[PDB]
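S.K.: One structure follows; several queries about it will come next.
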Amino acid sequence: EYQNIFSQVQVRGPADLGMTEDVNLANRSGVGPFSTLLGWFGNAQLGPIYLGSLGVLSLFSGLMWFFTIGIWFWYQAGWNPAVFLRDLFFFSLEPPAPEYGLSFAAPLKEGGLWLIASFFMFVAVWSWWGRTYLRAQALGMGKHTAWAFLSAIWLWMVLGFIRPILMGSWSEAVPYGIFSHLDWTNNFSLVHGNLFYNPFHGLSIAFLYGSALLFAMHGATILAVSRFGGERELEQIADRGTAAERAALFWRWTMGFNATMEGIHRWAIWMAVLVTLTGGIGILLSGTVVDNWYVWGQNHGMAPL
Amino acid sequence: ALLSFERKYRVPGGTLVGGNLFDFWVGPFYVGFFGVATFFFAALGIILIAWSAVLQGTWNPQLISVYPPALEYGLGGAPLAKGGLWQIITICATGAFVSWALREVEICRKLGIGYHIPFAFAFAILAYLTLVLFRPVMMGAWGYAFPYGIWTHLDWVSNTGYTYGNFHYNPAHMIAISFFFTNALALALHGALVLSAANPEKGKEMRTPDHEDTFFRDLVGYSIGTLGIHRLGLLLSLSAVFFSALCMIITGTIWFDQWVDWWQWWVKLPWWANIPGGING
Amino acid sequence: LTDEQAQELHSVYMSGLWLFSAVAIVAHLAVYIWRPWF
Amino acid sequence: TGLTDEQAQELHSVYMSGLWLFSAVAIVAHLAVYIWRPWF
Amino acid sequence: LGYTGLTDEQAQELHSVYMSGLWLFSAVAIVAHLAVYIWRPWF
Amino acid sequence: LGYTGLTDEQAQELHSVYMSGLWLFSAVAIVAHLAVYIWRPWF
Amino acid sequence: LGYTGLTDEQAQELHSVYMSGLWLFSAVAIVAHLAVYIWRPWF
Amino acid sequence: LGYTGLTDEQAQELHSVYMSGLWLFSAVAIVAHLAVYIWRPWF
Amino acid sequence: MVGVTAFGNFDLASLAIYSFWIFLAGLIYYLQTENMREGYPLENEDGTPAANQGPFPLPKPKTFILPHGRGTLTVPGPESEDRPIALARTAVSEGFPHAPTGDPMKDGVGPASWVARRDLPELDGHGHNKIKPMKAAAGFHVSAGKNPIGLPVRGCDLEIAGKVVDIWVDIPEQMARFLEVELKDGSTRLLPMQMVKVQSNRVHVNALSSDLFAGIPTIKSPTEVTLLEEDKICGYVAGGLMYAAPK
Amino acid sequence: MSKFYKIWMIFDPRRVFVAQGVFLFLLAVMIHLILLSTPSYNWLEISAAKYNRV
Amino acid sequence: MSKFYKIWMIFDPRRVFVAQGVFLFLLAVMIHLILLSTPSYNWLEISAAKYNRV
Amino acid sequence: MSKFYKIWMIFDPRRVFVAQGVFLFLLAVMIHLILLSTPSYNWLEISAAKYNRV
Amino acid sequence: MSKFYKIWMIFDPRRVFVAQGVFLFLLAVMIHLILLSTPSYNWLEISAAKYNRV
Amino acid sequence: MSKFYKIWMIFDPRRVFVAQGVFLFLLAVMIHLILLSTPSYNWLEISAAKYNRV
Amino acid sequence: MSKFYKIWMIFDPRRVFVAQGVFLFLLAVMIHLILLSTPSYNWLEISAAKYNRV
Ligand SMILES: CCCCCCCCCCCCCCCCCC(=O)OC[C@H](COP(=O)([O-])OCC(O)COP(=O)([O-])OC[C@@H](COC(=O)CCCCCCCCCCCCCCCCC)OC(=O)CCCCCCCCCCCCCCCCC)OC(=O)CCCCCCCCCCCCCCCCC
Ligand code: BCL
Ligand SMILES: COC(C)(C)C/C=C/C(C)=C/C=C/C(C)=C/C=C/C(C)=C/C=C/C=C(C)/C=C/C=C(\C)CC/C=C(/C)CCC=C(C)C
Ligand SMILES: COC(C)(C)C/C=C/C(C)=C/C=C/C(C)=C/C=C/C(C)=C/C=C/C=C(C)/C=C/C=C(\C)CC/C=C(\C)CCC=C(C)C
Ligand SMILES: COC(C)(C)C/C=C/C(C)=C/C=C/C(C)=C/C=C/C(C)=C/C=C/C=C(C)/C=C/C=C(\C)CC/C=C(\C)CCC=C(C)C
Ligand SMILES: COC(C)(C)C/C=C/C(C)=C/C=C/C(C)=C/C=C/C(C)=C/C=C/C=C(C)/C=C/C=C(\C)CC/C=C(\C)CCC=C(C)C
Ligand SMILES: COC(C)(C)C/C=C/C(C)=C/C=C/C(C)=C/C=C/C(C)=C/C=C\C=C(C)\C=C\C=C(/C)CC/C=C(\C)CCC=C(C)C
Ligand SMILES: [Fe+2]
C-alpha cells in the first residue's frame, strides 16, 4: 500500500558540505536551515551555494534587469501602491515602435528602457550559462547541463535577439509583462497565419508532450522499482541489479523494446533539448521565410486546397 | 529472443483474467487476456481509419480526417459515413487504452513491481475521455469532440480556444502550462545530470551521487535527491495533465465568455476599484 | 514553556495588548472629536 | 536564544536608545512638514 | 562574547572606520543636495 | 584579521596601489566630463 | 602574493608582454578611429 | 609557467608555425579585399 | 526569403523539415544502439545465441572506471548469470513460462529473483559505507515522522512477527533505507523501507506473512550490508507478494 | 514594563534586526510613494507649479 | 487568562508571534487603504479641500 | 550614541557591507529614475529646452 | 584615505576587484544607452544633423 | 611583441585551435550573409543586372 | 602607475586572458551593430547611395 510518494519517516544528521574535487572552497557559503516540509518530499538540507565571479556577474545583471522592469512598472502605476497591486500582470515594458527599426535612438519611455533591461538580461543569462559550465568543470563532470541550457538559450535568443535583427526591427521582440507577453504570443500566431501549421511548431509540441510522457513513464518506473533500490541509478549503471532488469523487462514485455539505466537518460535529455531546438528553428522561419503558415500548409499537403 | 537475464523472470502467474490461457509471450511482447483485447481493438481502429480515408476520397495521411457527428444528432447514433465511424473508432480507442493499462497491471504484478505506471497512464486516459466523452456529454452533443485527423484536430483546438477569445487567460490553463514547462526543464536537468556523472571528463572515474548533490547545491543552493527527482517528475507530469483536464472540463460548462473578462474580478475589487491610475483606470 | 513561564509570557503579552489598545482608543477618540461619523 | 538576563537587558537598553533617536528624528521631520503644509 | 567572533576592541575600531566612511559619504551627499537646491529648489 | 589573511603592511600596500588606480581612473573620467561639458553642457 | 603562485619577476615579465600587446592593440584602434573620423567625423 | 606541459622550445616552435599559418591566411584575405575594393569600393 | 524556392515548392522551410527528418532518424538510431549495452546478444530459452538479434548492430565497447579502486566495467561485454536457475520448461516451443522446480522464494526466481551483484558495500563520495545503522551513525536521529523503534511488526496474516530494533540510514542522502526487525528467536532481519507501512501502533508488511520472516536472507556483518545481500533481501520480500498470496 | 528586555531571550537579535530593518524601509518607501501619487503632497509637482517650471 | 497559556506547550512562540505581526500589519494597511478609497475619511483629500490645495 | 559599535558583534561585517552597497546603489538609481521620469528635474530635457537643442 | 586601507583586512581583494569591474562596466553601458536614448546628447544623430548626413 | 610565444604555456593549443576554427568560420559565414542580404554587394543579382539576364 | 604589474600575483593569467578576449570581442560586435543600426554610419548604404548603386 505504501506508494513511496511521500517519506513516512524523516531523519537528520550533520550537514553535508559537499565534494571538494578542485572547487574553490572559499567561494562556498555555509549550510542553510533544514526544512521539514521539503524533507517530506525530497532533501531537507538547504545550501551551501557556490558564489564566484560569474555568480556575482549574473546576480548583479539579473537584479538590475528585474529592478529596471519593476521601476518602470512603478512609474506606470503613478507611484501608487494600490494601483501597483491592482494592475500588476497588466504593466509591461514594450520594445521600441516599428518606425525606429533596429536603432538605439528610441526615447526612454518609448523603448529605450526596454533596451537597457534587455542588455542586463542578456548579460545575466549568458553569465549563468558560463556558471553552469564552470560548476560542471570544477567537479570533473561532463558538460551535458551546459549543452541542454544552450538549447534553451537558443530559443530565448531567437525570440528576443536574432529574429528581431533579421526582421530589421526591435518591435518584433517580446515585451516584459505577465499578460503582455501572452498577448504577444497570441498576436504572433495571428499575424503569421496560424502557427499550428508551422511544422517545427508541431515538432516542438510533439517533444513537449513527449517530455511529459517520458518523464511520467520514468518517474513511475523508478518509483515502482524503488523497492529494490532502483533510485540509486548511478550504482545500477556500474553494477546492474534486479531493479534495472525488472524495469527493462517491464518495458520490453509491454512495448517490445527497452532502455538501460543510462540510455533512458540519453532519451530524456534529447527529448527536452529537441522541443527547444525545433521551437527556435520554427520561430526563426516565421516572417523571415514564411509569412502565412496556413497557406504554406495548403501548398505542402497539410491543409485542404 | 530473450535478453541475457530474462529467463529467470518468465514464470507462470500474475494474471487478472484467465489462467494459463493467454499466459505466454509472442516474441518480446507479453499477451494476456488484455493483450488479445488490445490487439483486436487497435487493429479494428486502424483499419476503420483507413476505411474512413477510402470514404473521404483522400490517401494523403496528413489529409485523412474522421469527423464526429454533427450537432443535430445530439448524443445519439449517426450514419457510418457521416458520424458513426468516429463513434466506433472512439469505442475502439477507449477499449485499446483500457486494455493496455490492464495489461500493464498484469505485467507489473508478474514482475513484482509497484503499479505506478498503469496509474500514470490512467491519468492520460482520463484526459482523453474528458476531451472525447465527458465534455461532449455535458455539452449535449458528440459534435463538440475533436476529429481524428493529423491537422484537423488542430483546427478543433484553434476553434475551441478562439470561441472564448485568447484561451491562455484561463487560469487552470495557466497552471497546466506552468507544469508542462517545469516538467520539460526538470527532465532536461535530470537527464543531463545523470549523464554528466556517468560520463565525466575523459580519463576520470565515474562520479557518485555525492557529486550530483554537490553540483546542484553549488549551482542553485539546493538538491532534491534521486528519490526526490523521480517523485517530482511523476507529480509534475500528472499535475499538468490533471489541470489541463480541469481547464477543459470547466470551459464550455461553467464558463461561457472571454476569460480575460474573468480576470476582472480582481481589478473590480472594491477597495481599489475606482483609484484613478495605471492600466485599468 | 512550562506553566509559570507561559503564564508570565501571557501577562507581558496582555500588558502590551492593553497599551496598544489604549493608544488606539486615544487615536479613535481624537478622530471622533476632530471628525465624527456619529 | 541563549541570552542571559543581563545580556537581554543590555541589548534592550541599546535598542531603546536607537529607537528613541529614530523617533526623535521622525518627530522633528513631522513637525517641519506640518508647519510647512498641515494635513489636518 | 561576540557571535561574529569579534572582540570589543575590534568592534570599536571597525565601527570607527565605518563611521568615518559614513560621514564622508554624507558630507558629499549634503554638498550635492545644496548644489541642486541652489540650482533648482524643490520647496 | 583572520578575515582575509592579509597583514597590516600587505593591506597598506594593496590599498596604495588600488588608490593609484582609482585616481588614474577618476582623472580620465574628469577629463572626459570636462570635454563633454565644453562640447554640450547639461546645466 | 601567494594567490596565483607567480613570483615578482614572473609577474613583471608577464605584465611587460601584456602591456606590449595592449599598446599594439591600442595603436591599431587609434589608427582605425583616425581613419573613420577623417572619413566621417562624429563631432 | 607551464599550465599545459609545453617547454619553452616547444612553445616557440608551435608559435612559429602558427604565425606562418596566420600570415598566409592574412595574405589571402588581403588579396581578396583588394580585389573586392577594386571591383566595388565601400568608401 | 519569403517565397524563394529552389525547385517546386521547396524553400528554406522544406529544407529545414527534411534535414530534421534525416537528423531524427540518425538520432533514433544512436539512442537505440546506446540502449543496447545491456542484455545482448539475445539468447534462446536454452541459453544458446538466438538466430535473430535485431535491426540494430551492437555498439562498440566503452569502459567505465569505477571509483575507490573497484575496477572497470566494459559494456557491451560477456554477461553471465553466475547462479543456478531452478526453472523447468512448461513447453517445447518458445514463448511459454518456465515453472519453478522447488520453492521459488528460496530459489530466487520469478518476482523473487536477485542478481549476483558485487559482494561489497556501497560507498559514498569519501569512501565510507553508504548505508549504516542509525546507532553506528553519528548525530543521526528521527526528525519529523512516526518513530518506528519499538513498534511491533505485523505480517500479511495479521499476526505479530517481531519488533523494530533499529533504522538503517543512507548517510549521504539522509534517508531511512531499512528497518531492522528482531524476530522471536532473538535474530534480526532487514526490511526495505519501501515495503512497510508505519502506522500509529504497528508496522505492517503486506508482502510477507508472519512465518516467512524467518526466511529472509541474513547479513553476514551486523554493521554493514553489501549489494548482493540487498538483492537477496529485496527480491525475497517482493516475491512474497506473489508467492504468499494464500495465508 | 521595564522587563520587555526578556524578548531578546525569545527572539534571535540578528533575525529581528534584519526583519525590522526590511520592514522599516518598505514602510517608509510605501508612505513616500503614497505621497507622490496624490496630486497634493507630490512635492515635485507642487514645487514645479510654485516656481512655474512648466 | 483561564488556561490559554498552555497553547505555548503546543506552538513554537516565534511562529505565532511572526504570524500575529504580519496579520496585524496587513489588517491596518487594508483598513487604511479602504478609508483612502472613499472621499470620506481620506485625510489627504479633505486637507486638500480645506486649505484649497487644488 | 556611544554603544552603537556593538552592532558589529551580532552582524558579520562582510555580509552587512555587501547588503549596504547593494541597497545604496539601488536607492540612488531609483531616485535618479524618479527624477528623470518627472518633466521637471529631467536635467537632460531642461538643458535641451534652455539651449534650444531641439 | 584616512584608515580605509583596513577594508582589505575584511574583504578578499579578488572578489572586490571582480565586483568593481562588473559594476563599473554595467553602469557605463547603462549611462551610454540612456544618453543614446535622449534625442539630444545622441552624438551620432546630432553629428548627422550637423553635417547633413541624412 | 617578440615574446608572444609564451601564450602557449598558459593556453591549451587544442582548445585554442578548435575555438579559433569555429570562430573564424562563423564570422566568415555571417559576413557573407550580411553582404548577400544587402541589395548592393549581392554579387549574383548585380552580375545579372550587368549581363542583362532577366 | 609603474606598479600595476603586481595585479598578476592576485589574478590567474588564464582566467584574465579568456575573460578579456570574450569581453573585447563582444564589445566590438556591439559597437559595430550599433553603427550598422543607425541610418548614418551604415557604411554599406553610404557607399550604395554615394555611387548610385540602387
Ligand atoms: C543537417 C541535417 C542532417 C545532419 C546530420 C544527418 C546525418 C545523420 C544524423 C547524425 C546526427 C546524430 C545525432 C546523435 C549524436 C549523439 C549525441 C550525444 O548525445 O552524445 C554523443 C556526444 C558525446 O556523448 P557522451 O558520451 O555523453 O560524452 C561525455 C564526455 O565524456 C564528457 O562530456 P562532454 O563535455 O564531451 O559533453 C557531452 C555532450 C557534448 O555535446 C556537445 O558537444 C554539443 C555541442 C553544441 C551543439 C553545436 C551547436 C551550438 C551552436 C554553435 C556554436 C558552438 C559550436 C559547438 C562548439 C564545439 C566545441 C566543442 O554530449 C551529449 O550527450 C549532449 C547531449 C545533449 C546535447 C544537446 C545540444 C544542444 C545544442 C543547442 C543548439 C543551439 C544552436 C542551434 C542553432 C540551429 C541548429 C539547427 O555528444 C555529441 O556529439 C553532441 C551532438 C550535438 C548535435 C547538435 C544538434 C544539431 C541540430 C541540427 C538539427 C537538424 C537541422 C534542422 C535545421 C536545418 C536548417 C537548414
Ligand atoms: C495563440 C497562441 C499560439 C501559439 C504561439 C506560440 C509562439 C509564438 C511560440 C510558441 C511556442 C511553444 N508552444 Mg505554442 N501556441 C499555440 C498553441 C500551443 C499548444 C496547444 C495545445 O494549442 C501547445 C501545447 C503549445 C506549445 C508550445 C511549446 C512546445 C513551445 C515553447 C517551448 C518552451 O518550452 O518554451 C518555454 C521556454 C523558453 C521560452 C526558454 C527560456 C530560456 C531562458 C534562458 C530562461 C531564462 C530565465 C529568465 C532569466 C528568468 C529568470 C527567473 C528566475 C531565475 C527565477 N502551443 C497557438 C497556436 N507558441 C514557442 C515555439 O518554440 O514555437 C515554435 C513560441 O515562441
Ligand atoms: C552602449 O555603449 C556604447 C557601446 C555606446 C559605448 C560604451 C562603451 C563602454 C561602456 C565600454 C568600455 C570598454 C573599455 C573598458 C575597454 C577596455 C579595453 C582594454 C581592456 C583593452 C585591452 C587589450 C589587451 C590586449 C589584447 C593585450 C594583448 C596582450 C596579450 C597577448 C598578452 C599575452 C602574451 C603572453 C606571452 C603572456 C604569457 C606571459 C608569460 C610570462 C606566461
Ligand atoms: C497604507 O497605510 C498607511 C501606510 C497609510 C498607514 C499604515 C501604517 C502602518 C500600518 C503602521 C506601522 C507602524 C510601525 C509598527 C511603527 C514602528 C516603528 C518602530 C518599531 C521603529 C524602531 C526603530 C529602532 C531602530 C532605529 C534602532 C536602532 C538601534 C540599533 C541599530 C543599535 C545597535 C544594536 C547593537 C548595539 C546591539 C548590541 C548587542 C550587544 C551584544 C550588547
Ligand atoms: C519612494 O521613496 C523615495 C525614493 C521617493 C524616498 C524614500 C526615501 C527613504 C525611504 C530612503 C531611506 C534610505 C536609508 C534609510 C538611508 C541610508 C543611508 C546609509 C546608511 C549611509 C551609509 C553610508 C556608509 C558609508 C558609505 C560607508 C563607508 C564604509 C567604510 C569605508 C568602511 C571601511 C572599514 C574598514 C576600512 C576597516 C574596518 C575593519 C578593520 C579591521 C578595523
Ligand atoms: C539612472 O541613474 C543614472 C545612471 C542616470 C545616474 C545614477 C548614478 C549613480 C547611481 C551611479 C553610482 C556610481 C558609483 C557609486 C561610483 C563608483 C565608482 C568606483 C568607486 C570607481 C573605482 C575605481 C577603482 C579602480 C579603477 C582601480 C583599479 C587599480 C587596481 C587594478 C590596481 C592593481 C591592484 C594592485 C596591483 C593589488 C596588488 C597589491 C598587493 C600588495 C599584492
Ligand atoms: C516591488 O517592486 C520592486 C521595484 C522592488 C521590484 C518589482 C519587480 C517586478 C514588478 C518586475 C517584474 C518583471 C516580470 C514581469 C518580467 C517578465 C518577463 C517576460 C515574461 C519575459 C518573456 C520573454 C522575454 C525574452 C524572450 C527576452 C529575451 C531578450 C534577450 C534575448 C535580450 C537580447 C539583448 C539585446 C536586445 C540587448 C541590446 C542592447 C545593446 C547594448 C546590445
Ligand atoms: Fe532517473
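For the C-alpha cells, the naming scheme is as follows: chains receive sequential letters (A, B, ...) according to their order of presentation, residues are indexed from 1 within each chain, and ligands are indexed from 1 in presentation order.
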Put chain O on top of chain M with a least-squares fit on all C-alpha atoms, paired in order, and send it back as a compact mmCIF listing (two decimals) with N, CA, C and O atoms, in the first residue's frame.
M.R.:
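What landed in selection-v4.txt:
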# COMPACT_ATOMS: atom_id res chain seq x y z
N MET O 1 39.35 58.23 6.64
CA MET O 1 40.36 58.87 5.82
C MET O 1 41.74 58.53 6.35
O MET O 1 41.96 58.55 7.56
N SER O 2 42.66 58.21 5.44
CA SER O 2 44.04 57.86 5.77
C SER O 2 44.13 56.56 6.55
O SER O 2 45.22 56.13 6.94
N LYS O 3 42.98 55.92 6.78
CA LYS O 3 42.95 54.62 7.43
C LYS O 3 42.03 53.65 6.69
O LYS O 3 41.79 52.54 7.19
N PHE O 4 41.52 54.02 5.52
CA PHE O 4 40.65 53.14 4.76
C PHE O 4 41.37 51.91 4.22
O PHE O 4 40.70 50.97 3.79
N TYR O 5 42.70 51.89 4.27
CA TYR O 5 43.44 50.72 3.82
C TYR O 5 43.04 49.47 4.60
O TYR O 5 43.24 48.36 4.11
N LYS O 6 42.48 49.65 5.79
CA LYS O 6 42.10 48.57 6.68
C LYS O 6 40.93 47.75 6.14
O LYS O 6 40.64 46.68 6.69
N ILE O 7 40.26 48.22 5.09
CA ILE O 7 39.16 47.47 4.51
C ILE O 7 39.64 46.18 3.88
O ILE O 7 38.86 45.24 3.72
N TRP O 8 40.92 46.10 3.51
CA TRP O 8 41.42 44.94 2.78
C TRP O 8 41.67 43.74 3.68
O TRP O 8 41.77 42.62 3.17
N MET O 9 41.77 43.94 4.99
CA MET O 9 41.79 42.83 5.92
C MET O 9 40.39 42.29 6.19
O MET O 9 40.26 41.24 6.83
N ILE O 10 39.36 42.97 5.69
CA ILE O 10 37.98 42.54 5.87
C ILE O 10 37.46 41.80 4.65
O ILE O 10 36.75 40.81 4.78
N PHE O 11 37.81 42.27 3.45
CA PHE O 11 37.28 41.75 2.20
C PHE O 11 38.38 41.13 1.36
O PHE O 11 39.51 41.64 1.32
N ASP O 12 38.05 40.03 0.70
CA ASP O 12 38.99 39.38 -0.20
C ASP O 12 39.17 40.24 -1.45
O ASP O 12 38.18 40.64 -2.07
N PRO O 13 40.41 40.56 -1.83
CA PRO O 13 40.60 41.39 -3.03
C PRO O 13 40.07 40.78 -4.31
O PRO O 13 39.66 41.53 -5.21
N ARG O 14 40.06 39.45 -4.44
CA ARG O 14 39.58 38.84 -5.68
C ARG O 14 38.09 39.11 -5.89
O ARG O 14 37.67 39.56 -6.97
N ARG O 15 37.27 38.84 -4.87
CA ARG O 15 35.84 39.09 -4.97
C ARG O 15 35.56 40.57 -5.18
O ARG O 15 34.72 40.94 -6.02
N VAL O 16 36.26 41.43 -4.45
CA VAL O 16 36.04 42.87 -4.57
C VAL O 16 36.37 43.33 -5.99
O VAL O 16 35.62 44.12 -6.58
N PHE O 17 37.47 42.84 -6.55
CA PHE O 17 37.88 43.31 -7.87
C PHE O 17 36.95 42.82 -8.96
O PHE O 17 36.61 43.58 -9.88
N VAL O 18 36.51 41.56 -8.90
CA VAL O 18 35.58 41.09 -9.93
C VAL O 18 34.25 41.82 -9.82
O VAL O 18 33.67 42.24 -10.84
N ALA O 19 33.74 42.02 -8.60
CA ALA O 19 32.49 42.74 -8.43
C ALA O 19 32.60 44.16 -8.92
O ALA O 19 31.70 44.68 -9.59
N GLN O 20 33.72 44.82 -8.63
CA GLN O 20 33.94 46.19 -9.06
C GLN O 20 34.00 46.28 -10.58
O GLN O 20 33.43 47.21 -11.17
N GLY O 21 34.69 45.34 -11.23
CA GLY O 21 34.76 45.38 -12.68
C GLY O 21 33.40 45.22 -13.33
O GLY O 21 33.03 45.98 -14.23
N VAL O 22 32.62 44.24 -12.86
CA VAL O 22 31.28 44.03 -13.41
C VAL O 22 30.42 45.27 -13.19
O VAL O 22 29.73 45.75 -14.10
N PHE O 23 30.48 45.83 -11.97
CA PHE O 23 29.67 47.00 -11.65
C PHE O 23 30.03 48.19 -12.53
O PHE O 23 29.15 48.87 -13.06
N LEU O 24 31.33 48.46 -12.70
CA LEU O 24 31.74 49.61 -13.49
C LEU O 24 31.34 49.46 -14.95
O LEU O 24 30.85 50.41 -15.56
N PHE O 25 31.53 48.27 -15.53
CA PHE O 25 31.14 48.10 -16.92
C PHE O 25 29.64 48.26 -17.10
O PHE O 25 29.19 48.91 -18.05
N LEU O 26 28.84 47.68 -16.20
CA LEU O 26 27.40 47.81 -16.32
C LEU O 26 26.95 49.26 -16.17
O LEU O 26 26.06 49.72 -16.89
N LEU O 27 27.55 49.99 -15.23
CA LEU O 27 27.20 51.40 -15.05
C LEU O 27 27.54 52.22 -16.29
O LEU O 27 26.74 53.06 -16.73
N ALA O 28 28.71 51.98 -16.88
CA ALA O 28 29.08 52.69 -18.10
C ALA O 28 28.11 52.40 -19.23
O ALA O 28 27.67 53.32 -19.94
N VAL O 29 27.74 51.13 -19.41
CA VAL O 29 26.79 50.78 -20.47
C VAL O 29 25.44 51.43 -20.21
O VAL O 29 24.79 51.93 -21.14
N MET O 30 25.00 51.44 -18.96
CA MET O 30 23.71 52.03 -18.62
C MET O 30 23.67 53.51 -18.95
O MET O 30 22.71 54.00 -19.55
N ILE O 31 24.72 54.24 -18.58
CA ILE O 31 24.72 55.68 -18.84
C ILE O 31 24.81 55.96 -20.33
O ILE O 31 24.16 56.87 -20.85
N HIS O 32 25.61 55.18 -21.06
CA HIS O 32 25.69 55.37 -22.51
C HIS O 32 24.35 55.11 -23.17
O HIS O 32 23.96 55.83 -24.10
N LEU O 33 23.64 54.07 -22.73
CA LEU O 33 22.32 53.79 -23.28
C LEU O 33 21.34 54.91 -22.98
O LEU O 33 20.55 55.31 -23.84
N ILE O 34 21.37 55.44 -21.75
CA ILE O 34 20.50 56.57 -21.41
C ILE O 34 20.79 57.75 -22.32
O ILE O 34 19.86 58.41 -22.81
N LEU O 35 22.06 58.05 -22.57
CA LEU O 35 22.41 59.17 -23.44
C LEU O 35 21.97 58.93 -24.88
O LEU O 35 21.49 59.85 -25.55
N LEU O 36 22.14 57.70 -25.38
CA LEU O 36 21.71 57.40 -26.74
C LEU O 36 20.19 57.48 -26.88
O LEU O 36 19.69 57.87 -27.94
N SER O 37 19.45 57.13 -25.83
CA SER O 37 18.00 57.08 -25.94
C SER O 37 17.37 58.47 -25.99
O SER O 37 16.27 58.62 -26.54
N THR O 38 18.02 59.47 -25.42
CA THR O 38 17.51 60.83 -25.52
C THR O 38 17.74 61.37 -26.93
O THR O 38 18.80 61.13 -27.52
N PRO O 39 16.77 62.08 -27.51
CA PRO O 39 17.01 62.67 -28.84
C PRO O 39 18.18 63.63 -28.85
O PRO O 39 18.90 63.72 -29.85
N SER O 40 18.38 64.37 -27.77
CA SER O 40 19.61 65.10 -27.57
C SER O 40 20.67 64.16 -26.99
O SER O 40 20.36 63.08 -26.49
N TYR O 41 21.92 64.59 -27.08
CA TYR O 41 23.06 63.82 -26.57
C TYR O 41 23.26 62.49 -27.28
O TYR O 41 24.15 61.73 -26.91
N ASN O 42 22.47 62.20 -28.30
CA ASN O 42 22.77 61.08 -29.18
C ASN O 42 23.74 61.62 -30.23
O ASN O 42 23.34 62.28 -31.18
N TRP O 43 25.03 61.33 -30.03
CA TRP O 43 26.07 61.98 -30.82
C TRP O 43 26.00 61.59 -32.29
O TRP O 43 26.41 62.37 -33.15
N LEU O 44 25.46 60.41 -32.60
CA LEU O 44 25.39 59.98 -33.99
C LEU O 44 24.44 60.87 -34.79
O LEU O 44 24.81 61.40 -35.84
N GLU O 45 23.22 61.08 -34.28
CA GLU O 45 22.30 61.95 -35.00
C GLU O 45 22.66 63.42 -34.88
O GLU O 45 22.33 64.20 -35.78
N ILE O 46 23.33 63.82 -33.80
CA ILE O 46 23.82 65.19 -33.70
C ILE O 46 24.83 65.47 -34.81
O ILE O 46 24.77 66.50 -35.49
N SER O 47 25.76 64.54 -35.01
CA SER O 47 26.72 64.70 -36.09
C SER O 47 26.05 64.60 -37.45
O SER O 47 26.45 65.29 -38.40
N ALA O 48 25.04 63.74 -37.59
CA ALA O 48 24.33 63.63 -38.86
C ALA O 48 23.62 64.93 -39.21
O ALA O 48 23.68 65.39 -40.36
N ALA O 49 22.93 65.53 -38.25
CA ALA O 49 22.20 66.77 -38.52
C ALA O 49 23.14 67.95 -38.67
O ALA O 49 22.84 68.88 -39.44
N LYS O 50 24.27 67.96 -37.96
CA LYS O 50 25.20 69.07 -38.07
C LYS O 50 25.82 69.16 -39.45
O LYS O 50 25.96 70.25 -40.01
N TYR O 51 26.20 68.02 -40.02
CA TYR O 51 26.90 67.98 -41.30
C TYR O 51 25.98 67.68 -42.47
O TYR O 51 26.47 67.45 -43.58
N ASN O 52 24.66 67.66 -42.26
CA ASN O 52 23.68 67.42 -43.31
C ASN O 52 23.95 66.11 -44.04
O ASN O 52 24.16 66.07 -45.25
N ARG O 53 23.94 65.02 -43.28
CA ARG O 53 24.18 63.70 -43.83
C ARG O 53 22.91 62.91 -44.09
O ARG O 53 22.99 61.79 -44.59
N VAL O 54 21.74 63.47 -43.78
CA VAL O 54 20.49 62.81 -44.12
C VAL O 54 19.65 63.70 -45.02
O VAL O 54 19.04 63.23 -45.98
S.K.: Taking only C-alpha atoms and all ligand atoms into account, which residues have an atom no farther than 6 Å from ligand 2? I'd like them as JSON, numbers by chain.
M.R.: {"A": [125, 152, 153, 155, 156, 185, 186, 188, 189, 195, 196, 201, 204, 205, 208, 276, 279, 280, 282, 283], "B": [181]}
S.K.: Check which residues of chain D sit at most 9 Å from ligand 4 using only C-alpha atoms and all ligand atoms, and return one row each with the closest pair of atoms and their distance in Å to one decimal, ordered by chain and rising number, as JSON lines.
M.R.:
{"residue": "D:7", "atom": "CA", "partner": "ligand 4", "partner_atom_place_in_ligand_line": "42 (C)", "distance": 6.3}
{"residue": "D:8", "atom": "CA", "partner": "ligand 4", "partner_atom_place_in_ligand_line": "42 (C)", "distance": 7.8}
{"residue": "D:9", "atom": "CA", "partner": "ligand 4", "partner_atom_place_in_ligand_line": "42 (C)", "distance": 8.6}
{"residue": "D:10", "atom": "CA", "partner": "ligand 4", "partner_atom_place_in_ligand_line": "42 (C)", "distance": 5.6}
{"residue": "D:11", "atom": "CA", "partner": "ligand 4", "partner_atom_place_in_ligand_line": "42 (C)", "distance": 4.5}
{"residue": "D:12", "atom": "CA", "partner": "ligand 4", "partner_atom_place_in_ligand_line": "37 (C)", "distance": 7.8}
{"residue": "D:13", "atom": "CA", "partner": "ligand 4", "partner_atom_place_in_ligand_line": "42 (C)", "distance": 8.7}
{"residue": "D:14", "atom": "CA", "partner": "ligand 4", "partner_atom_place_in_ligand_line": "32 (C)", "distance": 5.7}
{"residue": "D:15", "atom": "CA", "partner": "ligand 4", "partner_atom_place_in_ligand_line": "29 (C)", "distance": 4.8}
{"residue": "D:16", "atom": "CA", "partner": "ligand 4", "partner_atom_place_in_ligand_line": "27 (C)", "distance": 6.7}
{"residue": "D:17", "atom": "CA", "partner": "ligand 4", "partner_atom_place_in_ligand_line": "29 (C)", "distance": 6.7}
{"residue": "D:18", "atom": "CA", "partner": "ligand 4", "partner_atom_place_in_ligand_line": "29 (C)", "distance": 3.5}
{"residue": "D:19", "atom": "CA", "partner": "ligand 4", "partner_atom_place_in_ligand_line": "24 (C)", "distance": 3.6}
{"residue": "D:20", "atom": "CA", "partner": "ligand 4", "partner_atom_place_in_ligand_line": "24 (C)", "distance": 7.3}
{"residue": "D:21", "atom": "CA", "partner": "ligand 4", "partner_atom_place_in_ligand_line": "26 (C)", "distance": 7.1}
{"residue": "D:22", "atom": "CA", "partner": "ligand 4", "partner_atom_place_in_ligand_line": "26 (C)", "distance": 5.0}
{"residue": "D:23", "atom": "CA", "partner": "ligand 4", "partner_atom_place_in_ligand_line": "21 (C)", "distance": 7.2}
S.K.: Could you list the protein, DNA and RNA residues that have any atom within 9 Å of ligand 7, counting only C-alpha atoms and all ligand atoms, and write them as a ChimeraX atom specification?
M.R.: /A:65-74,84,88-89,91-93,104,114-123,125,153,155-162,164,170,173-182 /L:30 /M:29-30,33 /O:27,29-31,33-34
S.K.: So, with only C-alpha atoms and all ligand atoms as the atoms that count, which of F:20, F:39, F:1, F:25 lies closest to ligand 5?
M.R.: F:1
